[PDB]
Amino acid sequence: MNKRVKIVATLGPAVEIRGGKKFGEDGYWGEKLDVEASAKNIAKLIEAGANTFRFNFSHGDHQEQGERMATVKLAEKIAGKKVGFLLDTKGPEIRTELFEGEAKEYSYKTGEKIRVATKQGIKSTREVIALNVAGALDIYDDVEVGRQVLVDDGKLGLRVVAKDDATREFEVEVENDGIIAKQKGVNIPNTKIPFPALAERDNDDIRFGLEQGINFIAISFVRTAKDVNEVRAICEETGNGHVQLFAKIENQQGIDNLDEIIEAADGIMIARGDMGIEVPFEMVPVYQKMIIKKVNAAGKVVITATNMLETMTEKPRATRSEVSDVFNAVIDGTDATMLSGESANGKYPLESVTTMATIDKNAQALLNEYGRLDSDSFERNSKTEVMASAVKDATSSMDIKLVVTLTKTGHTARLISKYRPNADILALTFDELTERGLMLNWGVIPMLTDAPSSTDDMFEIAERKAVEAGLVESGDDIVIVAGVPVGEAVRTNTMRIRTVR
């Protein structure tokens, strides 16, 4: 069987070996990276069914990230299977500042009264909490009395009951017992802090990433089309127009402007962590279903991500609720699922990938009977639409082992992908950028080949590759779809059903 649902695995130290020393062993950070040993460990993740690696630019300097990408390049060589490179921007993050006296955290109780400091550069005390705002913004005038400041995944709330113009501070009340640790996430819902469309740090992060060579960018805290287009401008400036941009919907502004953001972007990442704090917690499953449906209708790529298998950071087997969650992400019709901590810094990086894939394959057995995605709802008054519909009805009506595309831009592959055929899709292409850019599209198995001389040659090549890759043998039925001639920039116009000789 072929895992049709794509996997994004966040890379980190959990895979990286230093002087024969694994993550957790003391003075690990002291020793230097063994590139060969980690690449061998990364190769086991690729084999486990990871399709793309995520470089989270919230943590790690350019040296750290760029070296990691160099290791993956060699890991591809060991496994002999390519994968996509995804960069994740820090964006307008707010964190709790460091504590005076190397205090790591403090405990509070409900009813307690404390202050939050809007001044930048200063350290935290138990009595006053200093915020690290990205790009050193003053947020004093942008958060009002009665607003809510949340710390460590929204687990601890502080209600703003007064502002002091004298010190530019917020007087807050502790809503529940909890811990305020240093370097923890801060969220302030139902606010519009005037963060730039593009902050200078994120410009640098992307430019550094584009220089190393990336296939994707996930833009954090996308509020509007403007935020996506400011990144698009850089990609086109640097001669990286092939880079596909995922808007991360992390907040209410993102949901309100979802329609214009989906138009602007090449896909969406459902960022459930930040989203769960910013909107009612019991409403995240509603937005997850709605968002996947609309992105699919735009023919674009959706990633369901964050806390998919949270517990496997610490424990070898997931909870029944995590397994259910990953299971229904496939049944809503997500293109891709994402491991963040599980693969970056947990104790079970390879098992988390193996757990996620096995669930992904089991759900795809139930897609036919239970799948929430419907191809019938789509418009059918255009040549591409009737041609895709005919391919899907083929796979519906017969035992079709494989749909085989020859695609210059990969357009045909995204078209058939969108219709969710009851078959694996071979996407044959003529350049590596197009090959690696198709890695997150549902059911699509990208393969590099030589351009065809003619339509008959095209049909020869398609059968020859699928047979050589071992995907089909004699007696198996395949569908061959293309914009003929493939060399010219024409959209899908041709379909051929072939019994493999």
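All residue numbers are counted from 1 along the displayed sequence. Under this definition, the rigid core comprises the largest set of C-alpha atoms superposing within 1.5 Å between the forms.
On a core superposition, give the stretch, 486 to 494 or 7 to 15, with the larger average C-alpha separation from this form in 9 other deposited structures of this protein (RMS over structures and residues). Between 486 to 494 and 7 to 15, the one lying farther away in 9 other deposited structures of this protein is 486 to 494.
Which stretch is less alike in 9 other deposited structures of this protein, 207 to 215 or 385 to 393, counting RMS CA distance after the rigid core is superposed? Farther on average in 9 other deposited structures of this protein: 385 to 393.
Would you tell me which stretch averages the higher CA B-factor in the PDB entry, 278 to 286 or 261 to 269? Higher mean C-alpha B-factor: 278 to 286.
Comparing 83 to 91 with 141 to 149, the one whose average Cα B-factor in the PDB entry is higher: Averaged over C-alpha atoms, the B-factors run higher in 141 to 149.
Maximum C-alpha temperature factor per the entry, among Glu322, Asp335, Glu379, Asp332, belongs to which one? That would be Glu379.
Which has the highest CA B-factor per the PDB entry: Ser352, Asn422, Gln252, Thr224? Of the candidates given, the C-alpha B-factor peaks at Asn422.
If you rank every modelled residue in this chain by C-alpha B factor, which third holds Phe208: lowest, middle or highest? Middle third, going by the recorded CA B-factors of the chain.
Select lowest, middle or highest to describe the third in which the CA B-factor of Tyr370 falls within its chain in this entry. Middle third - that is where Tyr370 ends up once the chain's C-alpha B-factors are sorted.
Is the Cα B-factor recorded for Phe53 in the lowest, middle or highest third of its chain? It belongs to the lowest third of the chain when residues are ordered by C-alpha B-factor.
Among the modelled residues of this chain, does the Cα B factor of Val484 put it in the lowest, middle or highest third? As the PDB entry reports it, the C-alpha B-factor of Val484 lands in the middle third of its chain.
By the record's CA B-factor, is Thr304 among the lowest, middle or highest third of residues in the chain? As the PDB entry reports it, the C-alpha B-factor of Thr304 lands in the lowest third of its chain.
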